[PDB]
């Protein structure tokens, strides 16, 4: 049925299992080392101190997650946000990914952010099309910018526009 909720440091194990083959076997993440539960736990709670972090469950088991993160480091940038959506290594397609974004994106819009950015490791025709369907506009590509698993990978960036005027500080997310 794929129900959706805010993640908590308890799901850290299940998330860390979704992440393992993504790090070890793919170029979706550029992390070259699988993180531990102890630090996976930390990331969840550290994210939730400012950004949302969502989990998808099926039959009482996490089969995908999605989170928001800082785009760049200075204050002039605090209305851009980086969105990350991962799904299980078996059944999701897109799929669970679109259900995740359809919750995550609105929250973001309602928090005060102006543009959401997603970086895809090309080639990725599937994820590419999903973002375009959602209404992400392709804004550029950093070619050969990353070397993981004995290969150079082009990384394209898609932008989601929220729309606004006047300006005022983006707002956080509800506690645990």
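Residue numbers count along the first chain shown, from 1.
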Item to check | Higher-scoring stretch by recorded Cα B factor average, 102-110 or 78-86 | outcome: 78-86
Checklist entry - On average, are the C-alpha B-factors higher in 59-67 or in 145-153? => result 59-67
Next on the checklist: For the CA B factor values reported in this entry, which option in 124, 29, 115, 36 has the top one?
Outcome noted: 36
Checklist entry - Relative to the other modelled residues in the chain, which third contains the C-alpha temperature factor of residue 162: lowest, middle or highest? => result lowest
Checklist outcome for this item: Here the Cα B-factor of residue 172, set against its chain, lands in the third termed middle
Checklist outcome for this item: Temperature factor at the Cα of residue 22, chain-ranked in thirds, falls in the lowest
